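Novice:
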Amino acid sequence: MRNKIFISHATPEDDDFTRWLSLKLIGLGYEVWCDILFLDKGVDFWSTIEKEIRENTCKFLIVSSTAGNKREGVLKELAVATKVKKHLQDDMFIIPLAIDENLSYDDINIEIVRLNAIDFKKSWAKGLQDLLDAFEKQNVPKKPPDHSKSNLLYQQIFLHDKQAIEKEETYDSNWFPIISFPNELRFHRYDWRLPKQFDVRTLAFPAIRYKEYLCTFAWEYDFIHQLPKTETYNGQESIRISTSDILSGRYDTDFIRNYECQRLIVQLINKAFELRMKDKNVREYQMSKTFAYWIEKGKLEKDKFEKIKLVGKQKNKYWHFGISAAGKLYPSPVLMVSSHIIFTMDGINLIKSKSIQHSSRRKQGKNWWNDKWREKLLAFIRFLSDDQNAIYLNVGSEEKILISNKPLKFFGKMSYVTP
Amino acid sequence: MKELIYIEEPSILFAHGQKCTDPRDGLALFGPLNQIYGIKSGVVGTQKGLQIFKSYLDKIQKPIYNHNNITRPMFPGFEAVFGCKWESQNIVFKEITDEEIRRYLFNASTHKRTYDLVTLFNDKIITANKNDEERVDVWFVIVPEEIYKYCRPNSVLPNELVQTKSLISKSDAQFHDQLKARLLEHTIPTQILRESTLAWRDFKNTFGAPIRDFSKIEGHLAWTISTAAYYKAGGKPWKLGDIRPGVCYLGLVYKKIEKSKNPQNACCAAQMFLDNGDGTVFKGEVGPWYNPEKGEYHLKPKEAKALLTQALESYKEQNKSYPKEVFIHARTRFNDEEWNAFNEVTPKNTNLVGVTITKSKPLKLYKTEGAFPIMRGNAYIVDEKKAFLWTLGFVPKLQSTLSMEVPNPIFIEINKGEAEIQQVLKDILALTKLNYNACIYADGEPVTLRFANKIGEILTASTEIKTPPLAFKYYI
DNA sequence: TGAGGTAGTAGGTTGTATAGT
DNA sequence: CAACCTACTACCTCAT
C-alpha cells in the first residue's frame, strides 16, 4: 500500500532542514523517502521520483522558502504531485513547510499560495506538533516509534564519509636522538682552586658547581687559562662515573642518587647548546625561560634554505623562524627542539615591544598548518648541523656530544582521510 | 620506530537509549536523557538588560546558523531539541537599577568596589526566592557592560567617576567568582551573562563595527548557552554511553592563598565524578600544603581521610554499595606519606590508583604528508605506567582541527597503584565528552580537572563559609 | 645573581582562502 | 563573564 512519505526540498540552501526532519521522522515510525537519502549513479534520476510519487507516496512535502520557489527541479518535482492530487481527489494531499520569513504573500508560487500552509518561522517544533496532529486526524499508516532505526542512516548517510579510516601512516617528531655521549662524567675536588665568587657560566665549557665538586664533561686540564691554579690538580682525586651506567639505572649511591645525576645531565646539554650556538651564525632572542635562536634576514640565499623558506615578511614587519633546545633522558637520550617566531622591523633590529611580538605572532602563526611548521623546523636543524646528519656539541676539547638532526619517526594505523 | 595505539572515540548516550558520537548532533535527533518540562526564568538586571534578555530568549526559539555549519552544526530550536518549553513572557524580575550601580560602584578601592556590588545582588536574589513562592528553575543575572571592565583586579576606577573615597589604602576580587561564593550556603543555581554577549549588535567601537565579532559564530552560541541553562534547572542531558559500573573518579584541587603570611596555606577541594558529571564536590579544610622548597602541593595525612570518607560515604548513599575502583586525578606526582592516608580508609576490596595529568611540552607530532595534523586518539605508550595521549589535533567527523596549530598531547603517568594503562586512556578520553557548560566534540583536559582553578577561586573568596557537599551546578 | 615553578596577565578570532612575483 | 586551546611575560615568592 501507499505509505512512503516524500519530502521535496530546495537544494542546497535549505538542505539543512531536511537533514533535521527525515532522521526525526523515520524513528517516529515513518517510512520516509527523499533525494537526500540515496546516492544515485543510475542514468534515470527522475524515473525513481515519478514512480515513487505515484503509487506508494502518501503525502508530499515542499519547503516554501526563498529558494524553494525559484529552483527548477523543485517546481518540476511538484508537477506530478498536483497531477496525482486529482486522482485521489484530496484537498490536503500537498502540504507546504513555510520556513522563510522575508517572503510576503506575493512571491509565493500560485500553485501553493492558497494551500493550507504551516508556519515554521516561530518554532520548528510548534509547527511540527501542528503538522503531525493532521497525521493523526487523517489515518496515515505508521509503525510505533522506534529511534533505534533513526541514526542507523545517520551513521550511514553523513558519518560514513567522515570517520576513522584504517590507513597506516608515519608521523615525524621533534625529539632528536643523541648519537653518542662522551665516555665518562668526571667530578673535580677543586675546593680552593675555584673561587666562591666565580660563576660557572664564564667557564667557556659546561660546568655545574656541586656540593664540593664542579661537574664537567671536559677534562680537568681543559680550562686552566680561564681559571688558574688548576695546574696543581691531580687526576686521581677525581671521582669518575661511566655515562652508560647513569641512564641504565645501574648506579645509585649514598652521596648521590641517579635521579640527581639525571637532573645534572640536562643542564649540561643546554649550556653545551648555547655555547656551540654562538659559533653557528644566528642572532639570539632573550625569552623568559631560555634563549631563542633565529636567522637574520639574508643570511641565507633568497631567505630560503633547501628551497624551504625560513625568513619572511608580514605587512611592514619582518618575521623569522627560530628554535629553542632542551634535554630529556627518558625514554631515550634525546634533544627536544621547540619552534618560535621572532619579529624584526627591518630584518636585523628586533622590535623591543613584547606586546607586538606575541600579538603579531598569532596573527601570522594561526595562518600556518602541519606542513609549514615541520618544513621550517626540520629545515632549521639541518642548517645548524655540522656535516650531513650530525651536530657536534663541544663539551670538551676532546670529548664532544653528538646529536642527529633526523627526528625519530612514529608509525601508526587508522589515519584520517585528508581533504 | 615506535608505533602508537588508537583509543577509539568512546560514545555518549542520549534519550530513547540510542548513543551517538557528537553531543550536538544527537540532541536534535534524540534530546536529553532525563527531561524536565518547565523552566521559569528569574531575571536580575536593568531595564535594558530585560529586552536584551527578552529579545535573545525570543530568538533561541528561532534557529541561528554558524558560518561553517560542517564544523559546528545548526541549532533547531529549544522546544524542538530538548522538549522543554522556554517562554519569554515567563519572567520573574527583580530590578537593580543603574542608579544603584553608580552609587555602589564609584569607589576608589577595587575590593570595596567589587564587594559592594556583590552585596547588591545577594540581597535581591535571596529575597526574591524567599518571599515569592514561585519555583524558579534557574536565576539569570544580566550584568551590564560597565561593571565587567570596572570590577576586576588590575583595572582601577578612574580618578573622575568616583563618588565615595576609600578610607584606607590597600596596605578574591573577580565578580562571577565572588558572587558564586556567597550563594553556596544558599543552594541556589545562578548563571551570569553580560550585556556584551546577548546584544553585541548595539555596543560598537568608533568605527561602527561590533566590539565582539560573533557574526560567523552566532549559531554555536545558542549551543553553549541554551545547553548549560537546561542543566542547572535539574536535567542531565546525557550520560556516558558504555561503562563498567561502580567506578569512581576524584579530582584534586589546591589553591595557594596569596593573602596569608605562610607560603603553605591553601584551600583544598575534591571533586568526584561518576558516569553523569553532575557530580558532587566535597570541600577539604585549610592547612599547609604548598612545599615552597620542592614547589609541589601535597596533603597532610589528617585531611586526606576526612576528605575521602566525607566523599566516599556519600557514594555509599548515591549507589547502595562501596566503589570497586577509584581513580584519583591531580596535577602533581604523589609522594609516599600521602598515599598511606588513602590506602588506610579504602576498603580492602577497592583497588586505588593515582594518575598525573600534565599539560607539559614534551612532544608535537608532525604528520609526514599534508597540511592536516594527526587525528585525535593516537597515543604513545612508552612504558606500562606512563603514556602520551592526543586529546587535540584532527577530528574526522568535523573535518576541522581543535588546535589552531600542531597539537600538544597531555602526559598521563600512573604515579601510584598499578593498573592496565590502556584502560585509563580509554576512560580518560570518555571524561572529555562530559562537559555540560559547553556542548563540544571534546575537551583537551579531562573534566575532573576542568574547573580546578574556578572552584579554587570560589572557596578562597570567603573564608568563614562552611561549605557542605554540593552538586556542581551550584558552582558553575 | 640564577635556579624552578606557579599563578597573575595579555592578545587573538573562531580557521586548511584565492589573486597573482 | 560563551568557551577551548596554546603561547609568553613579570611578579611575588622562596631557596641556595
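From first to last, the protein sequence lines stand for chains E and B.
The authors' numbering numbers the first residue of the first sequence as 1 and each following residue consecutively.
What the second sequence shows, in the authors' numbering, is residues 1 to 171, 203 to 507, in sequence order.
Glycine included, every Cβ here is placed at the ideal spot set by N, Cα and C.
(1) Nearest chain B C-beta to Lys-413 of chain E closer than 8 Å, yes or no?
(2) Between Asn-69 of chain B and chain E, is the shortest Cβ-Cβ distance under 8 Å, so that the two count as touching?
(3) Grab me the residues of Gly-318 of chain B's own chain with a C-beta within less than 7 Å of its C-beta, minus the 5 sequence neighbours each way, in chain order.
(4) Output, in chain order, the set of chain E residues within a Cβ distance shorter than 7 Å of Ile-405 of chain B.
(5) Count the other CB atoms within 10 Å of the CB of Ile-348 of chain E; is the residue buried (16 or more) or exposed (fewer)?
(6) Could you tell me whether the Cβ of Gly-49 of chain B comes closer than 8 Å to any Cβ of chain E?
(7) From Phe-255 of chain E to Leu-157 of chain B, what does the alpha carbon distance come to, in whole angstroms?
(8) Would the beta-carbon of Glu-79 of chain B fall within 8 Å of that of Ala-125 of chain E?
(9) Run down chain E in chain order and give the residues with a C-beta less than 9 Å from the C-beta of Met-303 of chain B.
(10) Is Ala-410 of chain B closer than 8 Å to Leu-105 of chain B when the C-beta atoms are compared?
(11) Report buried or exposed for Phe-176 of chain E, applying the criterion of at least 16 other Cβ atoms within 10 angstroms of its Cβ.
(12) Between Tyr-411 of chain B and chain E, is the shortest Cβ-Cβ distance under 8 Å, so that the two count as touching?
(13) I'd like the span of the alpha helix (DSSP H) that includes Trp-86 of chain B, first residue to last.
(14) Report, in whole angstroms, the separation of the C-beta atoms of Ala-300 of chain B and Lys-287 of chain B, which I expect to be a contact under 8 Å.
(15) Determine the closest residue to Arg-114 of chain E out of E:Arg-189, E:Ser-64, E:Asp-371, E:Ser-248, with distance taken between C-alpha atoms.
(16) Please list, in chain order, the residues of the stretch 17-42 of chain E that have any C-beta partner in chain B closer than 8 Å.
(17) With distance defined between alpha-carbon atoms, name the residue in B:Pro-354, B:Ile-359, B:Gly-38 nearest to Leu-283 of chain B.
(18) Look up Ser-404 of chain E in the DSSP assignment and give the residues it is bridged to.
(19) What residue ranges within the stretch 273-316 of chain B form continuous beta strand (DSSP E) runs of no fewer than 3 residues, ordered along the chain?
(20) Specify whether the stretch 353-363 of chain E and the stretch 372-380 of chain E touch according to this definition: at least 3 beta carbon pairs, one from each stretch, less than 8 Å apart.
(21) Rounded to whole angstroms, what is the Cα-Cα separation between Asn-322 of chain B and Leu-13 of chain B?
(22) In chain order, what residues of the same chain lie with their CB nearer than 6 Å to the CB of residue 508 of chain B, ignoring the 5 residues before and after it?
(23) Assuming the contact rule is C-beta atoms closer than 8 Å, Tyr-346 of chain B and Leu-229 of chain B should be a hit. Round their C-beta distance to whole Å, please.
(24) Got a sec? Which residues, its chain only, sit under 8 Å from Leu-29 of chain B by beta carbon, not counting five neighbours each side?
(25) Excluding the five sequence neighbours on either side, which residues of its own chain have a C-beta within less than 7 Å of the C-beta of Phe-503 of chain B, listed in chain order?
(26) Starting from the beta carbon of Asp-371 of chain E, find every residue of chain B whose beta carbon is closer than 8 Å, and list them in chain order.
(27) Quick one: is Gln-209 of chain B buried, meaning 16 or more other Cβ sit within 10 Å of its Cβ, or exposed?
(28) If you run the structure through DSSP and keep just helix, strand and coil, what is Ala-379 of chain E?
(29) Within this structure, are the beta carbons of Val-143 of chain B and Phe-304 of chain B separated by less than 8 Å?
(30) What's the C-alpha gap between residue 510 of chain B and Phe-6 of chain E?
(31) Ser-41 of chain B and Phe-121 of chain B look like a contact to me (Cβ under 8 Å); what is the Cβ gap, rounded to whole Å?
(32) What does the Cβ neighbour count give for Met-406 of chain B, buried or exposed, with the cut at 16 atoms within 10 Å?
(33) Using 8 Å for Cβ pairs, my map puts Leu-50 of chain B next to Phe-93 of chain B. What's the rounded Cβ distance?
(34) Report the neighbours of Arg-374 of chain E on chain B: residues whose CB is nearer than 7 Å to its CB, in chain order.
(35) Per DSSP, which one or two residues make a beta bridge with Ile-443 of chain B?
(36) Does any C-beta atom of chain E lie closer than 8 Å to the C-beta of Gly-77 of chain B?
Specialist: Once the coordinates are examined:
(1) Translated into the one-based positions of the first sequence, residue 413 of chain E becomes position 413. At a cut-off of 8 Å between beta carbons, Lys-413 of chain E contacts chain B.
(2) Sequence index remark: in the second sequence, residue 69 of chain B carries index 69 (1-based). Yes, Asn-69 of chain B counts as interfacial toward chain E.
(3) As a working note, residue 318 of chain B is residue 287 in the second sequence. Within the same chain, and ignoring the five residues on either side of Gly-318 of chain B in sequence, the residues whose Cβ sits closer than 7 Å to its Cβ are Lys-331, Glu-334.
(4) Counting from one through the second sequence, the residue named residue 405 of chain B turns up at place 374. Near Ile-405 of chain B (Cβ distances below 7 Å), the residues of chain E are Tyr-171.
(5) As a working mapping, residue 348 of chain E is identified with position 348 in the first sequence. The residue is exposed, with fewer than 16 neighbouring Cβ atoms inside 10 Å.
(6) Counted from its first residue, the second sequence places residue 49 of chain B at position 49. Output row for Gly-49 of chain B: interface = no.
(7) By 1-based counting over the first sequence, the position of residue 255 of chain E is 255. By 1-based counting over the second sequence, the position of residue 157 of chain B is 157. In a straight line, the C-alpha of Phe-255 of chain E is about 58 Å away from that of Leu-157 of chain B.
(8) Here residue 79 of chain B refers to the residue found at position 79 when the second sequence is read from its first residue. Here residue 125 of chain E refers to the residue found at position 125 when the first sequence is read from its first residue. Yes, these two residues count as a Cβ contact at 8 Å.
(9) To locate residue 303 of chain B, count along the second sequence from 1; it is residue 272. The premise fails here: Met-303 of chain B is roughly 32 Å from chain E at the closest Cβ pair, so nothing lies under 9 Å.
(10) One-based indexing of the second sequence puts residue 105 of chain B at position 105. One-based indexing of the second sequence puts residue 410 of chain B at position 379. No, Cβ-Cβ distance for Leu-105 of chain B and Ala-410 of chain B is not below 8 Å.
(11) Your numbering for residue 176 of chain E matches position 176 in the first sequence. The residue in question, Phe-176 of chain E, is buried, as its Cβ has 16 or more Cβ neighbours within 10 Å.
(12) Here residue 411 of chain B refers to the residue found at position 380 of the second sequence. With 8 Å as the cut-off, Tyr-411 of chain B counts as an interface residue toward chain E.
(13) What you label residue 86 of chain B is simply residue 86 of the second sequence in a count that begins at 1. No alpha helix (DSSP H) holds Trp-86 of chain B; DSSP gives it neither H nor E.
(14) Counting from one through the second sequence, the residue named residue 300 of chain B turns up at place 269. Counting from one through the second sequence, the residue named residue 287 of chain B turns up at place 256. Actually they are not in contact, since the Cβ atoms of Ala-300 of chain B and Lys-287 of chain B sit about 13 Å apart, beyond 8 Å.
(15) For the purposes of this step, residue 114 of chain E is taken as residue 114 along the first sequence, with counting starting at 1. Ranking E:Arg-189, E:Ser-64, E:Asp-371, E:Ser-248 by Cα distance to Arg-114 of chain E puts E:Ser-64 first.
(16) Residues of the stretch 17-42 of chain E with a C-beta less than 8 Å from any C-beta of chain B: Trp-20, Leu-23, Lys-24, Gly-27, listed in chain order.
(17) Walking along the second sequence from the start, residue 283 of chain B turns up at place 252. For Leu-283 of chain B, the nearest C-alpha among the options comes from B:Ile-359.
(18) The residue labelled residue 404 of chain E in the question sits at position 404 within the first sequence. Answer is E:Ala-390, bridged to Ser-404 of chain E.
(19) 278-284, 300-304, 311-314
(20) No, the stretch 353-363 of chain E does not touch the stretch 372-380 of chain E.
(21) Residue 322 of chain B sits at position 291 when you count from the first residue of the second sequence. Residue 13 of chain B sits at position 13 when you count from the first residue of the second sequence. In a straight line, the C-alpha of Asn-322 of chain B is about 43 Å away from that of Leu-13 of chain B.
(22) Because chain B spans 1 through 507 in this model, residue 508 of chain B falls outside it and cannot be assessed.
(23) For the purposes of this step, residue 346 of chain B is taken as the residue at position 315 of the second sequence. For the purposes of this step, residue 229 of chain B is taken as the residue at position 198 of the second sequence. Not quite, the Cβ-Cβ distance comes to about 39 Å (not below 8 Å), so this is no contact.
(24) As a first step, residue 29 of chain B must be located in the second sequence, where it is residue number 29. Cβ neighbours of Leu-29 of chain B beyond the five flanking positions: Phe-14, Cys-20.
(25) By one-based count along the second sequence, residue 503 of chain B stands at place 472. The answer, listed in chain order, is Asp-309, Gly-310, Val-312.
(26) Here residue 371 of chain E refers to the residue found at position 371 of the first sequence. Per Cβ cutoff of 8 Å: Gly-401, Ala-402.
(27) For the purposes of this step, residue 209 of chain B is taken as residue 178 along the second sequence, with counting starting at 1. When all chains shown are included, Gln-209 of chain B counts as buried.
(28) As a first step, residue 379 of chain E is located in the first sequence; it is residue number 379 there, counting from the start. In this structure, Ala-379 of chain E counts as helix in the three-state DSSP scheme.
(29) Residue numbering aside, residue 143 of chain B sits at position 143 when the second sequence is read from its first letter. Residue numbering aside, residue 304 of chain B sits at position 273 when the second sequence is read from its first letter. No, the pair does not count as a contact, with Cβ atoms beyond the cut-off.
(30) Chain B is shown only over 1 to 507; residue 510 of chain B falls outside these bounds and no answer can be derived.
(31) Stepping through the second sequence from its first residue, residue 41 of chain B is reached at position 41. Stepping through the second sequence from its first residue, residue 121 of chain B is reached at position 121. Not a contact, Cβ separation roughly 16 Å.
(32) As a working mapping, residue 406 of chain B is identified with position 375 in the second sequence. Burial call: buried.
(33) For the purposes of this step, residue 50 of chain B is taken as residue 50 along the second sequence, with counting starting at 1. For the purposes of this step, residue 93 of chain B is taken as residue 93 along the second sequence, with counting starting at 1. Contact flag correct, Cβ pair sits at about 7 Å.
(34) Here residue 374 of chain E refers to the residue found at position 374 when the first sequence is read from its first residue. Ordered by position in chain B, the residues that pass the 7 Å Cβ test against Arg-374 of chain E are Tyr-397.
(35) Counting from 1 along the second sequence, the entry for residue 443 of chain B is found at position 412. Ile-443 of chain B pairs with B:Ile-388, B:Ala-418.
(36) The residue labelled residue 77 of chain B in the question sits at position 77 within the second sequence. Yes, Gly-77 of chain B lies at the interface with chain E (some Cβ there is under 8 Å from its Cβ).
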